[PDB]
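First comes the structure, then the notes that go with it.
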Amino acid sequence: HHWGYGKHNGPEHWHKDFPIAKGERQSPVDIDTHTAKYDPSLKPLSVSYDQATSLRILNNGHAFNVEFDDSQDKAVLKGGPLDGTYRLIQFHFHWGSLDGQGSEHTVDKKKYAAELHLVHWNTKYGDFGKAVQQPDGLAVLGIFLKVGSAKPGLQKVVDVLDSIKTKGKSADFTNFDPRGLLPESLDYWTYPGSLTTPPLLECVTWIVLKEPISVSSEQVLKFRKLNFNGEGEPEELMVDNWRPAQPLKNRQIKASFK
Ligand SMILES: CN(C)c1ccc(S(=O)(=O)N[N+](=O)[O-])cc1
Ligand SMILES: CN(C)c1ccc(S(=O)(=O)N[N+](=O)[O-])cc1
Ligand SMILES: [Zn+2]
């Protein structure tokens, strides 16, 4: 009886196995754009993805992860609210059963069709498993998806999904350039939070871009053909794999932009 996104194992149940679900710095949150304050002492983000080395794509039964070689500073996030160097390890998405839901963060209560998470770990902690035990261990760059024009840089991901339909399937996924998933502007909101899936560790500096990317209805429809189940088991479409907004508690959301 493991955690998931059903009625009987979804977000409202996670606190039983993971009591930090009710903690002081949980994610996602609603971003109230009129309450977020411009912080002129933030810097610009530095997203350095030119030497990124993608390796594999995995259906883990909750989402799919595009995994990177993180054994050197090949693809790193720095600047903005961050001190030091954060190495890209994987990205994944959260998405809905229909276009009006799917994002984890919300903006003035607006839900986007999906949300991309580029996960990075603080190299001062040496490995990812050590980093998740630290309050400044991870930096997640979150990017909203809206349905409209196709995103050309997403299509290589879309087309490999047929090969990883079910939980536990992987495929080689080399030479994928995550720069093709970025919007034009790097304006962002930032706040201290958590993983949005169990174990819900409070180790993340969230950096949520203001500008969504556009993907086509056909692209998101292909996400919705994935399965939560394993091969040879009854089909459960991988949709609505998002955690709703959590209480902001004693946090401030800061804006990089006026
Ligand atoms: C040789 N064939 C049949 C083949 C090759 C690649 C693809 S793909 O769309 O890049 N990947 N995929 O499906 O998972 C599909 C079919
Ligand atoms: C420790 N790793 C596995 C990890 C960290 C953070 C995330 S997330 O971007 O907060 N989304 N999510 O939790 O579902 C995902 C994975
Ligand atoms: Zn995520």
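If you go along the chain as it appears here, the first residue is 1 and each next one adds 1.
Method of determination (from the header): X-ray crystallography, 1.1 Å.
Every residue gets a Cβ built from N, Cα and C, even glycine.
Summarising the annotation, Swiss-Prot assigns domain 'Alpha-carbonic anhydrase' to 1-257 and lists sequence analysis as the type of evidence. Taken from Swiss-Prot, the feature active site, proton donor/acceptor applies to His62, supported by a curator's inference. Annotation comment: Swiss-Prot describes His92, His94, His117 as Zn(2+) binding site, evidence class experimental evidence. Taken from Swiss-Prot, the feature phosphoserine covers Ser163, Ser170, and the record attributes it to a large-scale study or a structure entry. Feature annotation from Swiss-Prot assigns substrate binding site to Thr196, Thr197.
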(message) I want to check the contact list for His117 (Zn(2+) binding site): same chain, sequence separation of six or more, C-beta distance under 8 angstroms. What comes out?
(response) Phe91, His92, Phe93, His94, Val140, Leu141, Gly142, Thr196
(request) Enter the number of other CB atoms within 10 angstroms of the CB of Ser170 (phosphoserine). (result) 16
(request) Of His62, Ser170, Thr197, the recorded positions listed, which put a C-beta under 6 Å from ligand 2? Please answer none if none do. (result) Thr197
(request) Measure from the Cα of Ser163 (phosphoserine) to the Cα of every one of the recorded positions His62, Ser170, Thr197, then give the nearest. (result) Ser170
(request) Check the recorded positions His92, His117, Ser170 for any whose Cβ is under 6 angstroms from an atom of ligand 1, and report them in sequence order. (result) none
(request) Among the recorded positions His62, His117, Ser163, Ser170, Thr196, name every one whose Cβ is found under 6 angstroms from ligand 3, counting any of its atoms. (result) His117, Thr196
(request) Give the distance between the Cα atoms of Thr197 (substrate binding site) and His62 (active site, proton donor/acceptor), rounded to the nearest whole Å. (result) 9
(request) Provide the number of Cβ atoms within 10 Å of the Cβ of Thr196 (substrate binding site), excluding the reference atom itself. (result) 24
(message) Beyond the listed site residues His92, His94, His117, identify every same-chain residue whose Cβ lies within 8 Å of the center of their Cβ atoms for the Zn(2+) site.
(response) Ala63, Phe91, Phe93, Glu104, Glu115, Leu116, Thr196
